[PDB]
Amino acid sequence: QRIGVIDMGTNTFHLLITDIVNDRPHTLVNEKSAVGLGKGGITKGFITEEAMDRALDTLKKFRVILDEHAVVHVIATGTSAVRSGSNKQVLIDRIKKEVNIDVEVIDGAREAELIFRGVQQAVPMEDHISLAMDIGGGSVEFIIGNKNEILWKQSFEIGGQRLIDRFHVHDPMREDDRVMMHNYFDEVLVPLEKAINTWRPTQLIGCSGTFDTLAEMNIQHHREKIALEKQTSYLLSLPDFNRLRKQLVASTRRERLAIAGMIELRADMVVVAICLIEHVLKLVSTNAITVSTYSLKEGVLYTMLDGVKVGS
C-alpha cells in the first residue's frame, strides 16, 4: 500500500510518502517545512506556544497532503525537541485532536538505529566499518556499523539549536569561540572516542540537513550537473570539506542566508555543526566524507518494509 512517514525534527519537519509496487518503493512526496520546535525553549526544557503553533500549522498541511494521496499507513515520530520538552504531551494531545495522528516518541538510541537503517539503504558499505553521524537541531546521533550490523550507537543532546543557545558564538566566529566549542566537544564525546578506539571505523558518513547543504554547496562550486534528489549518496573529499569549513567559519549569518538551500534555522547553526564535523574527522582516519541522502524518515520506511516494529 502507500506509507506516509513524518519526522518531527527540532528545526525541520519532513513528510515522505512512498508507494510500494512489485515490492519496489517509489517516492510520491518528499516535503519539508521549517518549524523551529526548539526555538525559544529547547535548552530550558520546554516547547514554546509559538513553536507548538508552527508545528500544528505544518502538521495540518501535512495531513492534507497525506489525504490527497490516500495514505492509510502513517507514522509520525517525535525526536529530540519532543522527548526533551516538559510539555510534550500538550503538543502530542493537540496533534491528536487537530489531525488525528498519534505521535510516536522515540528515544535517542532508537533514533540512531532507525537512521542507520536508512543509511544502509542509501550507502552500500559492504563490510567496511563505518561511522555515521546525523546532525539535527536538537541531537546528534552516531552509529558504528556496516551493511549488516550495528556495532555501537549513541545519541547526544548537542544539536545545533542547543549549541547556539547555550553558548554565545560570535558572528563571525572568533578564535576563542573555536576553543569553547572544541573544549565542550572534548567533554561530551568521550563515549564516542572510546567506541572509535574499540571498533576502528575507516569511513565517515553524514546525513540530514547540514550534510545535504554541504553536498549542494560543493556541487555548485564544482559546477557538477548533479541532482542530489536522484542519487542516494555523494562523496565529499576532505579538501572540499576543508574549503567549505574555511568558508563557513569566516561567514556571517547574513552571508549564509544567501546560500542556495540554506534555510534560516540551518544558517543559524551550520557553523557550530561544521566545527563538530571537523572535531569528529580528527578522531577518524576516513579518506573522504560520504553524504547519505537518506536519514530517519527513510529508516522508518525501510524498517516498516522489513516487517519490524518502529517504536521504542
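The first residue of the sequence shown is number 1, and the count goes up from there.
Practice item. Output the stretch having the higher mean C-alpha B factor in the entry; the candidates are 186-194 and 221-229. Key: Mean C-alpha B-factor is greater for 221-229.
Point to revise | 97-105 versus 111-119 - greater average Cα B-factor per the deposited record | key: Result: 97-105.
Exercise for review: Return the residue from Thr58, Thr48, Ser285, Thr252 that has the highest Cα B-factor in the entry.
Suggested key: Comparing C-alpha B-factors across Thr58, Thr48, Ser285, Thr252, the top value belongs to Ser285.
Point to revise | Peak C-alpha temperature factor (PDB record), options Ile144, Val74, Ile205, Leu163 | key: So the option with the highest C-alpha B-factor is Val74.
Check your understanding: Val169: which third of its chain by C-alpha temperature factor?
Key -> Its C-alpha B-factor, which the entry lists for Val169, ranks in the highest third among residues of this chain.
Practice item. Would you mind ranking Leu305 by its C-alpha B-factor against the rest of the chain and naming the third, lowest, middle or highest? Key: Tercile = middle for this residue's CA B-factor.
Exercise for review: Within this chain's modelled residues, let me know which third the CA B factor of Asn242 belongs to: lowest, middle or highest.
Suggested key: Middle third.
Review point. Which third, lowest, middle or highest, does the CA B-factor of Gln154 fall in along this chain?
Key: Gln154: CA B-factor falls in the lowest third of its chain.
Point to revise | CA B-factor ranking of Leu37, expressed as a third of its chain | key: Middle third, going by the recorded CA B-factors of the chain.
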